[PDB]
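Consider the single chain below, provided in structure tokens and representing the form deposited in one PDB entry.
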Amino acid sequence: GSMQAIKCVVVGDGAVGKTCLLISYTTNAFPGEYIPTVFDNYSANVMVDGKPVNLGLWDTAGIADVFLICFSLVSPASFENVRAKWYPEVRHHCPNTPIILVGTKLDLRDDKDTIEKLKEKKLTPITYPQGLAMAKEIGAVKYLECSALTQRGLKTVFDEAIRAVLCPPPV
């Protein structure tokens, strides 16, 4: 053993939950404490489809094998920036590198008070069909929703980032 190294770079607007996504996945605990930019990258040794992989995860302020573009499901402004900023920025460096679109803070999309404070701003959470359509719009290989807090959807984000590298499409 013998494992494949895969580099994954995580981008998206400020406060969408990139750091908490990576820490929750790699330590299995949502961080209830301050996180100094001491760490800009995290690591996980994972088995996907019977294949041992060293997943290297690179965090940013909001050569990759795969990118995660993240937006908060309760921030329409972060969602618009997926196509306005993050997709063009990734594609200038890397025309072909797969992208996974990730909607974060899934626990808040059905949260009553987060729905109610948005409604004061004539905003509403991003729905699953809207996210899926934005993924098609930016040519993302997959669209996934997750909560770092509850860990719902969290493992699948990384499993899919890995499958995107290990199993590229025909062509």
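Between two forms, the rigid core is the largest collection of C-alphas that superpose within 1.5 Å. Residue numbers run from 1 along the displayed sequence.
From this point on, the text means the form deposited in another entry, which you will not see here.
Candidate set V48, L57, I126, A140; criterion, C-alpha shift of 2 Å or more between the shown form and the other one after rigid-core fit; matching residue, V48. Once the rigid core is overlaid between the shown form and the other one, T37 counts among the residues whose Cα shifts by 2 Å or more. Between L73 and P36, the C-alpha separation shrinks by 3 Å or more in that other deposited form, relative to the conformation displayed.
Compared with the form shown here, the Cα atoms of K51 and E160 move at least 3 Å farther apart in that other deposited form.
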